[PDB]
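**Q** Structure below; questions to follow.
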Amino acid sequence: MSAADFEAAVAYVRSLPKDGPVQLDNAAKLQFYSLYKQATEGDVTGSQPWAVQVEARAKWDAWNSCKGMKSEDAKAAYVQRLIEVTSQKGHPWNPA
Ligand SMILES: CC(C)(COP(=O)(O)OP(=O)(O)OC[C@@H]1O[C@H](n2cnc3c(N)ncnc32)[C@@H](O)[C@@H]1OP(=O)(O)O)[C@@H](O)C(=O)NCCC(=O)NCCS
């Protein structure tokens with residue numbers, strides 16, 4: 001995918017209204033969070049947090065799951081995941 005396709009995917013996620021036809025579940029939120037961090041900040045920072053800290057632990061595990069990818073590898077995955085999660089919910093989003 002093109003770079004502007006990723007920047008538009010990030011904008012579409014950030015422009016999603018509260019009440020709308022597209023609502024991201026928590027699993028999809030973790031997926032987009034992991035791919036975004038992998039394509040913008042590189043590999044995961046820090047060690048595996050306390051499991052009691054459920055959110056921080058969940059975010060670190062998702063980010064560590066993508067460890068070893070280049071930024072361009074994760075940007076296409078971010079676009080593809082957005083195209084898929086928009087199709088199964090009745091409103092397909094596609095770039096360009
Ligand atoms: C830190 C926080 C309070 C504010 O995030 P923000 O307004 O995007 O700005 P920040 O620069 O502080 O954080 C951006 C980082 O990239 C992520 N991000 C930004 N834009 C994104 C996008 N388009 N797609 C995916 N992840 C994105 C943020 O989730 C993340 O926070 P982190 O640094 O703590 O991991 C928010 O990330 C948070 O921790 N809580 C809200 C999210 C939440 O409750 N759960 C998310 C995982 S289930």
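Here, A, B, ... name the chains of the structure tokens in the order displayed, residue numbers run from 1 inside each chain, and ligands are numbered from 1 in the same displayed order.
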Using only C-alpha atoms, determine which residues lie at most 12 Å from residue 68 (chain A), disregarding the query and same-chain residues fewer than 3 positions distant; provide the list as a ChimeraX atom specification.
**A** /A:35,38-39,42-44,63-65,71-74
**Q** Please identify which residues in chain A DSSP calls helix (DSSP H, G or I) from the backbone, and express them as a PyMOL selection string.
**A** chain A and resi 3-14+26-40+54-65+71-87
**Q** Please determine, counting only C-alpha atoms, which residue among A:46, A:19, A:36, A:62 has the shortest atom-to-atom distance to residue 76 (chain A).
**A**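 Nearest to residue 76 (chain A): A:36.
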**Q** Tell me, in Å to one decimal, how far CA of residue 30 (chain A) is from CA of residue 70 (chain A).
**A**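 Atom-to-atom, CA of residue 30 (chain A) to CA of residue 70 (chain A), that is 18.6 Å.
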**Q** Near residue 95 (chain A), within 8 Å and counting only C-alpha atoms, which residues show up once chain neighbours fewer than 4 positions away are dropped, as a VMD selection string?
**A** chain A and resid 5 8 to 9
**Q** Those same residues - C-alpha atoms - I'd like them written as a PDB file, in the first residue's frame.
**A**
ATOM      1  CA  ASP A   5      -3.016   5.141   2.028  1.00  0.00           C
ATOM      2  CA  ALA A   8      -5.616   8.174   5.310  1.00  0.00           C
ATOM      3  CA  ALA A   9      -6.264   4.954   7.236  1.00  0.00           C
TER       4      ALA A   9
END
**Q** Select, from A:69, A:51, A:77, A:58, the residue with the minimum atom-to-atom distance to ligand 1, counting only C-alpha atoms and all ligand atoms.
**A**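 That would be A:58, the residue with the smallest distance to ligand 1.
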**Q** Can you measure CA of residue 10 (chain A) to atom 2 (C, counted along the ligand's line) of ligand 1 for me? One decimal in Å is fine.
**A**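 Taking CA of residue 10 (chain A) and atom 2 (C, counted along the ligand's line) of ligand 1, their separation equals 15.2 Å.
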**Q** Determine the nearest neighbour of ligand 1 from the options A:56, A:50, A:23, A:3, counting only C-alpha atoms and all ligand atoms.
**A**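 Answer, going by the shortest atom-to-atom distance: A:56.
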**Q** Can you tell me which residues surround residue 91 (chain A) at a distance of at most 12 Å, considering only C-alpha atoms, apart from same-chain residues fewer than 4 positions away, and format the answer as a compact mmCIF listing (two decimals) with N, CA, C and O atoms, in the first residue's frame?
**A**
# COMPACT_ATOMS: atom_id res chain seq x y z
N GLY A 20 -21.84 5.86 15.19
CA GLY A 20 -21.64 5.69 13.77
C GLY A 20 -21.81 4.26 13.32
O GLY A 20 -21.88 3.33 14.13
N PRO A 21 -21.87 4.05 12.00
CA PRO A 21 -22.05 2.69 11.48
C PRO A 21 -20.85 1.79 11.71
O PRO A 21 -20.99 0.56 11.62
N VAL A 22 -19.68 2.35 12.00
CA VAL A 22 -18.46 1.58 12.20
C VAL A 22 -18.02 1.77 13.65
O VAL A 22 -17.73 2.90 14.07
N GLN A 23 -17.97 0.67 14.40
CA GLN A 23 -17.50 0.69 15.78
C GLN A 23 -16.45 -0.40 15.94
O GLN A 23 -16.70 -1.56 15.61
N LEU A 82 -7.87 -2.44 8.18
CA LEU A 82 -8.97 -1.48 8.17
C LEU A 82 -9.95 -1.79 7.05
O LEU A 82 -11.17 -1.67 7.24
N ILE A 83 -9.46 -2.20 5.88
CA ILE A 83 -10.35 -2.57 4.79
C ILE A 83 -11.22 -3.76 5.19
O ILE A 83 -12.41 -3.82 4.87
N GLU A 84 -10.64 -4.71 5.92
CA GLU A 84 -11.39 -5.91 6.32
C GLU A 84 -12.41 -5.59 7.40
O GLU A 84 -13.58 -6.00 7.30
N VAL A 85 -12.00 -4.88 8.46
CA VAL A 85 -12.93 -4.59 9.56
C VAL A 85 -14.00 -3.61 9.11
O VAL A 85 -15.02 -3.44 9.80
N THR A 86 -13.82 -2.96 7.96
CA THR A 86 -14.88 -2.09 7.46
C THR A 86 -15.83 -2.86 6.55
O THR A 86 -16.99 -2.45 6.37
N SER A 87 -15.38 -3.99 6.01
CA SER A 87 -16.23 -4.79 5.14
C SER A 87 -17.22 -5.64 5.92
O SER A 87 -18.41 -5.68 5.60
**Q** Compare A:88, A:2, A:26, A:15 by their minimum atom-to-atom distance to ligand 1, counting only C-alpha atoms and all ligand atoms, and give me the closest one.
**A** A:26
**Q** Which is closest to residue 24 (chain A) among A:7, A:96, A:67, A:89, if we use only C-alpha atoms?
**A**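 Ranked by minimum distance to residue 24 (chain A), first place goes to A:89.
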